[PDB]
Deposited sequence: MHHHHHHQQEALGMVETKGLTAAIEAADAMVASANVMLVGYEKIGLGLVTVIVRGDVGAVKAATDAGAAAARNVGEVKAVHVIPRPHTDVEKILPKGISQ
């Protein structure tokens, strides 16, 4: 049960990422995190395969809207989230 995240500059690029990820595979949206400097992180949860597929599609879709600052998959054993 992996965690996946797309970090963007702008919220529009983050919602675009969230839409692309959930349509792409069997992943559940955990939520959003605002850390300032116009930075928003979109977090998904699901099996490793579904998470890797979702983040690649979420990053590719956000890229067309705004600047993607980070794309990452953590195949974890939600304790690690804020």
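Chemist: Enumerate the deposited-sequence segments absent from the coordinates, judged by C-alpha atoms, in order of position.
Modeler: Missing C-alpha atoms (numbering from 1) occur across the ranges 1 to 9, 87 to 90, 96 to 100.
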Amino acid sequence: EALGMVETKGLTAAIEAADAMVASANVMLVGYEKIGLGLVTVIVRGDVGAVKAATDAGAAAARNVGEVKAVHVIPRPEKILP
From here on, numbers count along this sequence of modelled residues.
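Chemist: For the chain shown, is the CA B-factor of residue 38 in the lowest, middle or highest third of its modelled residues?
Modeler: Answer is middle: the recorded C-alpha B-factor places it there.
Chemist: Of the three thirds of its chain by CA temperature factor, lowest, middle or highest, which one includes residue 74?
Modeler: For residue 74, whose C-alpha B-factor we compare with every modelled residue in the chain, the answer is the middle third.
Chemist: Compared with the other modelled residues in the chain, in which third is the CA B-factor of residue 54?
Modeler: It falls in the middle third of the chain.
Chemist: Would the CA B-factor of residue 28 place it in the lowest, middle or highest third of its chain?
Modeler: Residue 28: CA B-factor falls in the highest third of its chain.
Chemist: Sorting the chain's CA B-factors, does residue 65 end up in the lowest, middle or highest third?
Modeler: It falls in the top third of the chain.
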